[PDB]
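The structure under discussion appears below in the form of structure tokens.
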Amino acid sequence: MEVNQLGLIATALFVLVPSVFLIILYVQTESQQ
Amino acid sequence: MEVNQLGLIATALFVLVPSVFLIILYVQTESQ
Amino acid sequence: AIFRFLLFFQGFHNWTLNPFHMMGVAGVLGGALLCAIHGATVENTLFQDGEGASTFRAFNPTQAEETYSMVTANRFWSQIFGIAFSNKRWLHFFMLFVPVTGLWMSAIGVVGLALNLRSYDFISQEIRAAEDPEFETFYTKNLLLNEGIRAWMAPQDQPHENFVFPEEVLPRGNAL
Amino acid sequence: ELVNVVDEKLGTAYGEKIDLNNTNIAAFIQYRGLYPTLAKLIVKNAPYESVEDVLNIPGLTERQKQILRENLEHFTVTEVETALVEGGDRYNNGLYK
Amino acid sequence: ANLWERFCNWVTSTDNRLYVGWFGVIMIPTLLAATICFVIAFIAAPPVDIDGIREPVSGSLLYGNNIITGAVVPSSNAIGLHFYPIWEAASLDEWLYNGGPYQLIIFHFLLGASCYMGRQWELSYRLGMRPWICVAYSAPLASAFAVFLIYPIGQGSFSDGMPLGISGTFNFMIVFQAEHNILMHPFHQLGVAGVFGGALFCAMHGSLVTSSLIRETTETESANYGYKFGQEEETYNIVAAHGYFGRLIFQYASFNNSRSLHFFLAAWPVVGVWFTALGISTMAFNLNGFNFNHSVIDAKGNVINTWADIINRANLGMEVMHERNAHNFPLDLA
Amino acid sequence: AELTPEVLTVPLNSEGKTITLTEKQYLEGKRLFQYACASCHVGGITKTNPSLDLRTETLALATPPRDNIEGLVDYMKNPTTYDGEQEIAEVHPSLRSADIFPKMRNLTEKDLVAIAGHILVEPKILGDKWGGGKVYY
Amino acid sequence: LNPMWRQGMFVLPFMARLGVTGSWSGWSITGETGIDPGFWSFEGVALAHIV
Amino acid sequence: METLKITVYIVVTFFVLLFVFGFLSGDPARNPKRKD
Amino acid sequence: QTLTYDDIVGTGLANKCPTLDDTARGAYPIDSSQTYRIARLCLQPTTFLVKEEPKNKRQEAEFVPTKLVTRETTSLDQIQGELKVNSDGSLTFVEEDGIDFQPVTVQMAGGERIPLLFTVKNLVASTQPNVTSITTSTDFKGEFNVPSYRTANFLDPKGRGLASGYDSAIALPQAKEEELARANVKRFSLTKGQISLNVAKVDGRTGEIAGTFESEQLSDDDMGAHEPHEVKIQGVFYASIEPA
Amino acid sequence: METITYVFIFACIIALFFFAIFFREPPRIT
Amino acid sequence: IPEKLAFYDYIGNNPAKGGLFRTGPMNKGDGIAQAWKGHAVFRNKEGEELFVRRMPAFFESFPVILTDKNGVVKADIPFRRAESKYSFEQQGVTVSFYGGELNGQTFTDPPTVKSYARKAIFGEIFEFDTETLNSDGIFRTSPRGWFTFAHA
Amino acid sequence: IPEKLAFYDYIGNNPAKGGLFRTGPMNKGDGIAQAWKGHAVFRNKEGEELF
Ligand SMILES: CCCCCCCCCCCCCCCCCC(=O)OC[C@H](CO[C@@H]1O[C@H](CO[C@H]2O[C@H](CO)[C@H](O)[C@H](O)[C@H]2O)[C@H](O)[C@H](O)[C@H]1O)OC(=O)CCCCCCCCCCCCCCCCC
Ligand code: CLA
Ligand code: CLA
Ligand code: CLA
Ligand SMILES: CC(C)=CCC/C(C)=C/CC/C(C)=C/CC/C(C)=C/CC/C(C)=C/CC/C(C)=C/CC/C(C)=C/CC/C(C)=C/CC/C(C)=C/CC1=CC(=O)C(C)=C(C)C1=O
Ligand SMILES: CC(C)=CCC/C(C)=C/CC/C(C)=C\CC/C(C)=C/CC/C(C)=C/CC/C(C)=C/CC/C(C)=C/CC/C(C)=C\CC/C(C)=C/CC1=CC(=O)C(C)=C(C)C1=O
Ligand SMILES: CCCCCCCCCCCCCCCC(=O)OC[C@H](COP(=O)(O)OC[C@@H](O)CO)OC(=O)CCCCCCCCCCCCCCC
Ligand code: HEC
Ligand code: OEX
Ligand SMILES: [Cl-]
Ligand SMILES: [Cl-]
Ligand SMILES: [Fe+2]
């Protein structure tokens with residue numbers, strides 16, 4: 001189908017950037033305790 | 001210039017994924 | 001008149017296809033579910049605090065003690081659904097958060113519709129459908145519905161526009 | 001080259017009179033005495049090369065010929081168009097009210 | 001210590017991470033079957049001739065759909081309410097064309113969901129609880145029976161049941177409005193009241209409790225950490241909450257009994273949703289919404305339009321367009 | 001606007017004579033139309049044969065012309081096809097066929113006039129709506 | 001003129017090398033239409049590895 | 001197809017019997033208070 | 001002996017043409033004076049073959065087999081018509097009327113659905129000269145009309161049609177129309193088909209005959225959207241003859 | 001590519017379900 | 001008439017004709033405007049001048065209805081053909097251009113005439129390059145629109 | 001000479017003609033092969049055949 005080719009990097013970063021921020025914050029919490 | 005469209009994402013991820021990995025390991029070293 | 005407003009937004013704005021409306025729907029239904037499921041849970045994990053078969057009497061508004069078992073409730077839901085609340089404070093804050101967020105989201109979509117900035121179409125579907133008369137989705141089917149609504153309702157609903165559509169221009173399926 | 005033949009036919013006598021070779025049978029209600037008996041007969045005995053051929057339909061009473069004669073001027077004939085005659089569409093073209 | 005008694009003791013064990021139980025003996029398989037067929041169909045099923053006119057509708061991602069437009073398409077109008085298991089097709093190719101997966105999924109899912117409700121009774125009994133959570137879940141479940149089974153029974157065909165898709169859901173509700181004027185049906189009106197009110201009361205209760213949490217934490221930590229799992233004391237001050245809310249309205253419009261309040265929280269949405277499930281289920285038998293079309297006329301007999309007439313114009317545009325190649329005769333009687 | 005005698009005045013016959021209905025007549029004819037006729041003819045259309053409606057213009061082209069009190073009264077007693085060629089009492093309610101259409105049994109001669117008059121008045125009030133179908137609802 | 005190796009197929013030839021040749025949709029890589037591969041079609045092999 | 005039908009019939013009957021016989025195996029007694 | 005409706009219903013036997021016993025190897029004589037009609041003609045297909053597209057130069061395609069996906073809805077039945085005697089002793093059957101079409105969809109290897117209007121509409125089939133008897137070696141050969149699979153009111157999924165519908169891609173308001181012409185302008189094909197009926201069984205007492213048939217026609221072209229495929233159909237037939 | 005994206009995200013949620021159930025922070029009384 | 005003035009009298013430049021996820025510049029939709037084709041004048045077989053009813057902003061799609069100076073419908077493009085009264089074929093509708101690329105040209109063949117009628121519902125008719133940006137033909141909003149949306 | 005055999009006598013199917021960052025199927029380079037155009041025989045003015 002003739003989709004927007006940037007829809008893919010839009011989607012990849014949309015998942016990746018906020019997810020990585022949560023993962024960073026959780027791992028550094030666990031190694032506090 | 002008729003470059004490869006997937007080049008953008010390959011480059012973006014090539015950077016993001018290993019960098020994020022190092023940042024995770026660094027931030028949790030600091031907090032212990 | 002409001003029913004008419006709902007139908008207007010379908011035929012003209014295709015509002016059901018809007019992801020801001022969809023999050024509102026999830027907020028309203030998510031809140032109603034939370035409401036029914038939280039009340040039911042409390043009422044079915046009550047402590048026996050009286051001898052009577054009406055359990056309402058067995059509450060004192062000044063008692064310090066929780067009137068139902070958060071622990072039995074948590075085991076129940078963990079084993080029925082896999083996850084359960086464990087924190088009464090988060091529980092009640094979640095009940096605030098969900099319907100309030102849902103309504104804020106839909107408000108934003110309506111702001112877009114003030115400008116006719118609609119989630120009307122999927123461009124990729126229209127390109128294929130235009131080129132391929134055998135391609136049909138529920139998406140194409142609803143737009144024909146929207147087109148029925150616009151042509152059949154606009155003369156009467158927008159009298160100031162003096163729309164006159166002769167019979168031969170009204171979109172119509174077979175027989176009907 | 002690619003044309004819509006039914007649109008094209010609206011630009012002929014079909015678009016302005018009752019075409020004995022093509023028009024759906026409910027159009028014969030527009031003039032008196034034609035529906036249902038004669039309209040049935042006209043459609044069954046199509047096609048016609050001339051509007052006058054209708055009068056040689058075997059079995060017309062003299063009353064029927066005089067109704068046809070009165071009405072000849074509201075009739076026309078054009079070439080049969082497959083898209084209008086296939087499917088039984090001259091008896092039911094899916095239009096009601 | 002007998003082999004069957006051992007199995008029975010594992011089935012009903014309260015020490016399993018997810019409770020199984022006897023209802024679950026039926027629920028696990030039938031939900032697995034429905035889920036697996038749905039995932040595979042949503043991704044790769046070919047187009048389905050939902051209205052029996054050899055006009056196949058594409059519903060799956062691989063045939064040009066996205067998440068919003070995809071659906072598992074209802075089974076063909078040509079089948080009606082006939083049972084169409086796999087083994088009644090000449091081939092899987094045929095079963096796919098005619099919409100067989102839809103039947104498989106909805107029948108397993110309805111069974112499994114019905115057993116879900118029973119499983120809720122069952123574990124309540126093993127845990128020494130009160131029984132009626134499953135009664136609350138009967139509201140959603142009745143609603144699924146309505147759009148997947150009851151409405152198809154009354155109209156004569158699973159091809160008019162709700163599609164398993166986001167946009168198919170919308171198609172369903174548009175065509176329901178034109179054939180039944182559901183908006184003007186008081187049971188839909190009550191369901192809106194159950195659902196708006198449930199959200200309202202959800203927000204109310206969550207904000208009033210949250211308003212009256214007792215100080216247990218500092219500014220630099222979530223107040224959530226002021227409640228510890230299984231503490232015996234209440235974590236908020238309902239007398240403070242009653243004192244605010246009763247002054248916001250007036251005293252006797254506020255609950256001071258937690259048991260009545262939570263019962264009300266349970267009752268209101270459950271009952272409005274019962275009615276809206278009943279609404280779909282009775283429009284299955286064509287007892288439709290109120291009809292005020294041309295109800296107001298003037299002294300001469302001119303129609304004076306009302307907003308009901310405007311609704312009707314919209315409804316007509318939905319009626320004349322839907323399933324546009326499927327009607328040969330003037331009345332769409334089912 | 002109102003239900004004046006002009007609107008209530010309709011042709012009695014082909015010869016051109018007229019008759020002015022009372023409002024009582026009109027209202028009674030409307031009720032009798034609902035009782036005996038609307039199940040097929042709601043709004044001036046014909047559900048079981050949409051090609052034929054009750055618009056005055058269609059009735060004027062019917063054989064025996066039916067755009068008048070006498071034509072319509074006769075039709076209710078001995079209905080024909082549109083061209084007059086065949087009697088259709090066996091599948092159309094009429095006094096001739098009240099055996100098989102029992103709603104017609106209790107209808108007096110003045111009932112038929114009321115029914116007939118309502119049919120002729122109504123397109124004067126509603127215009128295109130009467131006999132136009134859903135497009136005009 | 002359009003065999004698999006022109007199409008960038010990498011595992012398709014490893015399935016073909018040991019006997020898997022046909023698809024549930026009824027084509028074979030040898031060009032024979034109408035074969036009934038059984039379960040052990042390209043699609044059934046893939047499914048088994050997923051499971 | 002008949003093989004498949006056979007299998008489903010047998011699978012289904014098996015699970016329905018588990019269910020019936022399960023609940024006939026003293027279910028009222030499987031609670032945490034008064035077993036009888 | 002014969003069957004009632006309630007015996008048949010649900011069995012699939014409604015889609016099957018009557019058979020004749022294998023003892024029915026007689027002959028049915030023709031009196032060129034008398035006139036005859038086929039009172040019942042029944043065509044039951046058993047096989048659907050589609051010609052493939054071979055891409056390269058002078059390879060020419062093959063008729064490959066297909067899977068039927070529209071179930072037991074395929075037979076033509078109740079066909080009737082004149083059976084004529086010609087100056088030269090040949091017989092000509094002229095189709096007057098009957099259930100002479102069924103839409104069929106078969107699927108090819110690869111997933112492609114191929115729809116078609118299986119028909120004998122306006123069939124005129126003739127025998128050899130000097131018949132004077134219908135035997136277990138009589139052949140009918142003929143040709144018939146194959147109208148468009150959809151008729152003129154049919155609306156495509158964007159609402160475009162021939163006798164109805166939009167005349168453009170309304171969802172692409174300012175797109176270049178030239179590229180869309182083939183899909184925006186519906187046309188109504190009408191092609192010929194060809195059929196052979198081979199009589200193999202004959203009951204000289206009752207007038208009944210039965211045999212084998214092969215026909216050749218075009219598939220659906222979706223109102224001019226794409227090129228049709230060539231289709232071959234095989235099956236069995238049954239007819240009843242009567243003095244008229 | 002869009003099909004792969006959709007199914008990938010779906011797959012990721014199912015995997016998240018598994019960890020949230022079986023590898024949750026266990027609730028401990030007080 | 002300056003082309004610039006005429007280009008404002010065209011609905012593709014109307015900021016209320018876009019969509020939320022129709023991204024990028026207006027040129028990506030209708031294309032890059034090249035020239036004013038000219039002002040289209042429709043007349044029927046009787047020589048009456050006819051007027052295309054313009055699409056209002058609310059409507060994604062809109063029928064093609066022609067009116068006289070009085071507002072009386074005299075021509076349209078029908079949906080159902082069977083009972084049509086106002087087809088361009090029946091009414092002998094033609095289109096003449098004054099100004100622009102097509103100044104002094106008259107078209108009489110119904111399908112070409114309908115083509116321009118379908119564009120006249122958007123106001124003044126322009127020539128667009130759609131190849132350069134691979135324009136998809138669907139209206140996008142302007143910076144006026146995007147700014148208002150974002151800030152509201 | 002069968003097309004299959006001719007297609008093998010073509011340097012575009014020689015696997016040593018590619019490049020590390022030229023990605024995808026061979027069909028993304030020279031195209032999807034449709035037909036053998038035939039064997040070309042080159043002659044000079046004197047009729048002698050040239051290779
Ligand atoms: C989440 C955690 C929960 C924990 C639970 C633990 C996990 C348990 C693992 C479950 C995983 C489920 C996987 C199910 C995949 C479904 C496979 C399918 O449907 O695949 C089925 C395949 C499909 O077959 C082919 O199906 C094809 C379908 O084509 C379609 O599909 C194609 C795409 O492939 C194209 O689109 C094509 O155009 C389109 O038509 C064609 O129709 C072929 O003719 C046909 O052969 O069937 C076959 O060949 C194979 C089998 C049929 C052989 C026939 C004999 C009858 C079979 C009896 C077996 C019953 C099962 C036994 C029960 C045992 C009880 C002890
Ligand atoms: C499953 C179905 C479903 C669900 C759950 C929703 C849910 C929602 N819809 Mg959607 N909708 C749907 C289907 C659905 N919709 C469909 C199929 C359509 C057709 C396209 C629409 C069309 C539609 C439109 C057109 C709109 C919504 C809106 C909304 C939101 C309304 C919020 C609200 O409470 O307003 C209630 C109103 C308020 C909360 C405002 C203030 C109310 C004050 C406090 C009143 C106080 C009154 C006072 C007490 C005195 C009253 C007295 C008097 C009664 C006697 C909400 C997210 C609206 C929206 O998104 O808005 C942003 C909107 O405009 N929907
Ligand atoms: C005020 C902000 C603003 C405004 C009005 C514009 C307006 C414009 N820009 Mg510009 N731009 C901006 C900021 C802005 N820009 C910024 C900050 C950047 C840096 C990233 C850019 C980068 C940029 C580029 C690279 C380009 C533009 C272009 C354009 C034009 C078309 C844009 C388009 O298609 O939008 C599309 C808009 C959307 C699809 C709407 C997005 C809505 C998101 C997805 C909602 C998120 C919801 C969220 C998850 C809610 C849930 C939360 C809840 C759970 C709590 C238009 C004139 C384009 C152009 O034509 O250039 C010549 C172009 O190529 N801009
Ligand atoms: C054994 C390995 C292997 C092989 C031989 C192939 C072979 C092939 N694949 Mg497959 N593939 C594989 C693994 C493999 N794949 C895996 C693991 C995946 C999942 C990611 C895929 C996904 C995949 C897709 C999605 C596609 C293919 C396609 C293809 C074909 C074209 C390949 C191409 O253009 O490459 C181009 C190769 C490169 C550009 C080389 C990358 C190497 C660079 C230099 C990175 C290394 C630099 C490194 C970081 C340096 C670090 C230094 C530091 C240590 C100090 C070909 C037949 C394509 C095809 O035709 O499909 C039908 C296609 O579309 N493959
Ligand atoms: C294979 C493929 C690809 C398939 C694709 C299939 C497909 C169609 C999927 C599409 C999915 C799709 C796109 C979904 C869209 C959803 C969408 C619109 C997202 C909304 C996003 C958004 C943030 C909306 C804003 C509003 C919002 C915040 C809503 C949140 C709603 C929500 C999560 C509500 C809670 C729901 C819920 C089940 C709660 C259960 C809570 C719980 C366990 C209670 C039990 C319980 C009760 C007690 O009282 C006590 C005491 C205890 C102890 C206790 O436990
Ligand atoms: C010049 C001339 C001629 C003109 C003169 C005109 C003139 C004089 C005008 C001026 C008028 C004047 C001067 C002013 C006086 C006017 C006057 C007083 C007017 C009245 C105004 C009015 C309209 C008020 C609005 C009424 C209003 C909408 C109230 C509705 C109440 C209502 C339906 C509330 C729902 C309550 C409900 C049952 C429960 C809430 C839900 C619920 C479950 C809450 C959860 C909850 C509750 C708890 O309880 C606690 C504990 C907890 C934990 C908890 O979870
Ligand atoms: C046989 C039974 C099978 C049932 C399977 C169902 C499993 C799925 C349930 C959700 C697991 C994931 C929840 C993770 C998140 C999770 O772990 O939360 C766990 C969380 C625990 O709450 P506590 O009160 O312990 O935590 C409070 C403190 O952490 C404060 O920080 O529970 C809640 O928040 C529940 C309310 C939100 C729950 C809403 C979940 C339902 C949403 C479903 C979304 C579906 C989208 C589908 C798209 C494809
Ligand atoms: C209640 C007593 C009435 C009255 C006053 C009329 N009808 Fe009927 N109608 C029906 C059908 C199928 C036809 C067409 C018959 C034919 O020509 O084949 C009619 C026709 C009429 C007419 C004539 C209309 C015209 O244009 O000439 C009239 C005046 C008329 N009807 C009056 C069907 C039905 C019904 C279905 C069962 C019933 C009931 C009625 N008609 C009832 C009435
Ligand atoms: O299917 Mn679905 O839809 Ca309930 O009506 Mn009739 O049918 Mn169809 O049409 Mn309207
Ligand atoms: Cl529909
Ligand atoms: Cl019908
Ligand atoms: Fe609570």
Side-chain angles (χ1 to χ4, degrees), chain B residues 4 6-7 10-11 13-14 17-18, chain C residues 2-18 20-33 98-114 118-119 142 145-146 149 173-176, chain D residues 92 94 96, chain E residues 51-53 77 143 147 169-174 176-177 182-183 188 191-200 203 249 273 276 314 318 323 325-334, chain G residues 4-14, chain J residues 1 4, chain L residues 15 18-29:
Chain B
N4 176 7
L6 298 176
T11 303
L13 256 17
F14 187 98
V17 172
Chain C
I2 283 292
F3 295 155
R4 168 263 175 208
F5 194 75
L6 309 166
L7 295 183
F8 184 94
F9 270 43
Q10 183 45 56
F12 288 89
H13 291 306
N14 203 13
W15 178 224
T16 39
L17 208 75
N18 200 297
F20 288 100
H21 188 243
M22 303 174 168
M23 295 182 282
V25 163
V28 165
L29 296 169
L33 177 174
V98 164
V100 170
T101 300
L103 260 67
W104 268 95
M105 282 322 92
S106 57
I108 290 168
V110 167
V111 181
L113 301 186
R118 310 155 167 162
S119 148
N142 294 341
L145 297 182
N146 288 350
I149 292 173
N174 201 66
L176 304 190
Chain D
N92 191 322
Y96 296 97
Chain E
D51 294 322
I53 38 171
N77 192 44
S143 293
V147 305
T169 297
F170 302 144
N171 185 79
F172 179 80
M173 54 205 292
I174 295 163
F176 206 98
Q177 164 58 25
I182 181 168
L183 285 172
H188 181 268
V192 168
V195 129
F196 282 174
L200 197 182
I249 308 303
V273 173
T276 205
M318 294 166 227
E323 308 174 350
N325 294 324
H327 318 86
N328 301 157
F329 304 118
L331 304 176
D332 182 14
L333 303 176
Chain G
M4 61 183 77
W5 48 266
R6 293 278 304 171
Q7 295 187 39
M9 301 297 138
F10 187 47
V11 288
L12 217 59
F14 291 96
Chain J
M1 83 188 13
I4 298 173
Chain L
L20 184 59
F21 293 100
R22 301 167 182 180
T23 61
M26 301 177 85
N27 292 334
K28 184 52 170 242

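Counting starts at 1 for both ligands and their atoms, following the listed order. Below, read A as the first sequence line, B as the second, and so on, with proteins coming before strands; counting in each chain starts at 1. These numbers come from the heavy atoms of this one structure, side chains and all, not from hydrogens, waters or symmetry mates.
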Given the protein's heavy atoms, is any one of them under 4.0 Å from atom 13 (C) of ligand 2? yes
Which atoms of ligand 4 have any heavy atom of L/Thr23 under 4.0 Å away? 34 (O), 36 (C), 39 (C)
C/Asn18 and C/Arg118, any side-chain heavy atoms less than 4.5 Å apart: no
Least distance between heavy atoms, C/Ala32 atom then E/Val195 atom: CB-O, 3.9 Å
Which of the atoms in ligand 4, numbered in the order shown and given with their element, are less than 4.0 Å from a heavy-atom of G/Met9? 62 (C)
May I ask whether atom 4 (C) of ligand 4 is less than 4.0 Å from at least one protein heavy atom? yes
What distance do E/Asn171 atom CG and E/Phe176 atom CZ have between them, rounded to the nearest 0.5 Å? 13.0 Å
State whether the number of non-hydrogen atoms from other residues, nucleotides or ligands found under 6.0 Å of G/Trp5 atom CH2 is greater than 12. yes
For atom 47 (C) of ligand 2, is the nearest protein heavy atom closer than 4.0 Å? no
Is there a side-chain contact between E/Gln177 and E/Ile182 (heavy atoms, below 4.5 Å)? yes
Yes or no, since that's all I need: does a protein heavy atom fall within a distance strictly under 4.0 Å of atom 62 (C) of ligand 2? yes
Within the protein, is there a heavy atom lying under 4.0 Å from atom 50 (C) of ligand 2? no
What's the shortest distance from atom 33 (C) of ligand 4 to any protein heavy atom, and which residue and atom give it? L/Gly24 N, 3.8 Å
Is there a protein heavy atom less than 4.0 Å away from atom 54 (C) of ligand 2? no
Looking at C/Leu145, C/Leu17, C/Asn146, which one forms a side-chain contact (heavy atoms from CB on, under 4.5 Å) with C/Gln10? C/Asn146
Which of the numbered atoms in ligand 2 are under 4.0 angstrom from any heavy atom belonging to C/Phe9? 25 (C)
Could you identify the single nearest non-hydrogen protein atom to atom 32 (C) of ligand 2 and state the distance to 0.1 Å? C/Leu103 CG, 3.9 Å
Under 4.0 Å from atom 43 (C) of ligand 2, is there at least one protein heavy atom? no
Check C/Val98 against C/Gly31 and note the closest heavy-atom contact, atom names and distance. CG1-N, 3.9 Å
Apply side-chain contact (heavy atoms from CB on, under 4.5 Å) to the pair G/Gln7 and G/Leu12, showing each step before the final yes or no. CA-CA 10 Å; G/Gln7 295 187 39; G/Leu12 217 59; over 6 Å; no
Straight-line distance of B/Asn4 CG to B/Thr11 OG1, nearest 0.5 Å: 9.5 Å
Distance, nearest 0.5 Å, that separates CG of E/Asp51 from CG of E/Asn77: 6.0 Å
Give me the ring orientation class for C/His21 and C/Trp15: parallel if the planes are under 30° apart, tilted from 30 to 60°, perpendicular past 60°. tilted
So for G/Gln7, does at least one of its heavy atoms come nearer than 4.0 angstrom to any atom of ligand 4? yes
Atoms of protein origin (N, O or S) under 2.8 Å from atom 10 (Mg) of ligand 2: C/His21 NE2
In ligand 2, the atoms that come under 4.0 Å of a heavy atom of E/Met173 are 17 (C)
Give the minimum heavy-atom separation between C/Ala175 and E/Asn328, together with the two atoms involved. CB-C, 3.5 Å
Heavy atom of C/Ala107 under 4.0 Å from ligand 2? yes
min-distance protein heavy atom vs atom 64 (O) of ligand 2 -> C/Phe5 CE2, 4.0 Å
Taking N or O atoms only and a 3.5 Å limit, does G/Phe10 qualify as a polar contact for ligand 4? no
Between the main-chain N or O of E/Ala314 and the side-chain N or O of C/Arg4, is there a donor-acceptor pair closer than 3.5 Å? no
From atom 23 (C) of ligand 2, is the closest protein heavy-atom distance below 4.0 Å? yes
Protein heavy atoms near atom 38 (C) of ligand 2, is at least one of them under 4.0 angstrom away? no
How many angstroms lie between CG in B/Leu6 and OG1 in L/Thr23, if you round to the nearest 0.5 Å? 8.0 Å
Give the atoms of ligand 4, by number and element, whose distance to some non-hydrogen atom of L/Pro25 is under 4.0 Å. 60 (O)
CG (C/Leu7) and CZ (C/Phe12) are apart, to the nearest 0.5 Å, by 11.0 Å
Aromatic rings G/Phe14 and G/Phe10: how do their planes relate, parallel, tilted or perpendicular, breaks at 30° and 60°? perpendicular
Looking only at protein heavy atoms, what sits closest to atom 35 (O) of ligand 2 is E/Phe196 CZ, 4.5 Å
Protein contact for atom 59 (C) of ligand 4 (heavy atom, distance under 4.0 Å): yes
Got the closest protein heavy atom to atom 30 (C) of ligand 4, with its distance? G/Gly8 O, 3.9 Å
Please report whether atom 10 (Mg) of ligand 4 has a protein non-hydrogen atom at a separation of less than 4.0 Å. no
For atom 1 (C) of ligand 4, is the nearest protein heavy atom closer than 4.0 Å? yes
Approximate separation, where rounding is to 0.5 Å, of E/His327 NE2 and E/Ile53 CD1: 8.5 Å
